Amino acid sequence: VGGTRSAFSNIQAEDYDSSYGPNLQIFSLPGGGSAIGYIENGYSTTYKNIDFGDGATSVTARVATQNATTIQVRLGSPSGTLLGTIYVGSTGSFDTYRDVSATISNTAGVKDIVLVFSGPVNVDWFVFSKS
């Protein structure tokens, strides 16, 4: 139990190890599971010890928002190397979740991953893959 999490299976956004976000909340979704939300510019969540194996070059996140925003994917810390940026257009509602993807620089081994938020968005989960 609680072995190293794979980059290639969904990582629940509420399963962060550390964060910056005084108003950030975890809440239940109608369809099952939970999301993070009540996010503001400059908030972040950190996911320790994610096993990328011998590499991933894409990320997909299941997200909801009413206004275009971005989610930076960074290595180690909120000011660490920028791996890529997910562009999150409106999903019409904070309750309507859709999958959005972005390229990242090749990331391998066991790494700490940080999501850095530029504005309001709700996140259910995210996952990596080889493009």
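In case it trips you up, residue 1 is the first one in the sequence shown, and so on.
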Greater mean Cα temperature factor according to the PDB record, 35 to 43 or 50 to 58: 50 to 58
Top residue by Cα temperature factor, when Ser9, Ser19, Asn122, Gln12 are compared in the entry: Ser9
Ranked against its chain, the third holding the CA B-factor of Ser105: highest
Lowest, middle or highest third - CA B-factor, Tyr87: highest
Relative C-alpha B-factor of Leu29, binned into the chain's lowest, middle or highest third: middle
Entry-reported Cα temperature factor of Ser79, expressed as the chain third it lands in: highest
